[PDB]
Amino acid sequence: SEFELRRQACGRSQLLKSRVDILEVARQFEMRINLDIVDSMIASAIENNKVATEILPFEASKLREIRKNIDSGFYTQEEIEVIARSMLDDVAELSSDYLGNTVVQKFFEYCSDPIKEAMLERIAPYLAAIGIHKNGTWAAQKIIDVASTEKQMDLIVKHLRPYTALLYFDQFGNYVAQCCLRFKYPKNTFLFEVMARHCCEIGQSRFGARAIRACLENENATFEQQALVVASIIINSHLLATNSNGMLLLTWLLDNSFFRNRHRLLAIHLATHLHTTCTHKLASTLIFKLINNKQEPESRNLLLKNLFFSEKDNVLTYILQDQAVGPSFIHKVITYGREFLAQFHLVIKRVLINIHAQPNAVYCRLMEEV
């Protein structure tokens, strides 16, 4: 699957490793986030290990008349329910039918809850498969959108949870996932558990990253749910910054977010990954945004210490030994003080000597600046 490929390129979940670091970041937001709620979600995130590999899956005239008579008000609610109960053996197959999907929709709009629960009991094991179907997705979102009882939501949550990651990857399934935000806490929690645990894999997909943004901006996400996923975004920022989709989440985090200390906490974490981020074409752009920001001095200060005044200049050496990104980054960073500027000038000159750096197109500007 696409999940298998990104799971291989992400390693073990940062939520598994840094359960205590995530709890601290959520605490260190200074937003009064209840840690017991956050930890229990990390608990249920680790508890629920069922993760799916793939998603596994009455002629035209007769269906049209059913839909025609329902739209015409020609039916009683009890008359619709007799029809529905007589099609339970087929209602799952119909949910993906180009005509059946419109009928199953009408069935859920008008039947009473016990019949909706009877239909859903036959559909639930296929809801994720219907959810990614071009036709079926209209029925699956309608089913979730009209889920009114507790028995209905639990059935949807139970049979969607193993496929929640795979849904975020899908052009239609990620909207099906978002439909579950209606359930509110605690039923919609499974969405944020999956987003936090697989923030690396989901964040690197074209749809999942955009669906994460949507979930975090949703009015039914509690602060704790937001804090859990955002903290996961932060401790994965060194991985998300390496591709455009992950960068979208980080861009969203810096700009369109109300989280206090997000800039500082993001910089603090990225300071231990300066060699890889500042040598990557896209990640270096973010590292510069964190330093160039004048209103975040603690970030720029900690980022500059780890950048130039390192254990043995190994951080600065790695960056300047890179060809396509490294030296351009360091030259920029400095060319935007005067006493402080010469102090950085001193450290750059030492590394370029030990690099044996030639003054070709890579080192023209930087060698002149120091």
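All residue numbers refer to positions in the sequence shown, first residue = 1.
Unmodelled deposited residues between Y336 and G337: 1 to 3, per the record. Higher mean CA B-factor, judged across 38 to 46 and 309 to 317 from the recorded values: 309 to 317. Higher average CA B factor: 273 to 281, of the stretches 273 to 281 and 144 to 152. Going by the entry's values, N292 shows the largest Cα B-factor out of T251, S205, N292, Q105.
Sorting the modelled residues of the chain by their CA temperature factor places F258 in the highest third.
When the CA B factors of the chain's modelled residues are split into thirds, the value for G73 lands in the highest one. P297: CA B factor lies in the highest third for its chain, per the PDB record.
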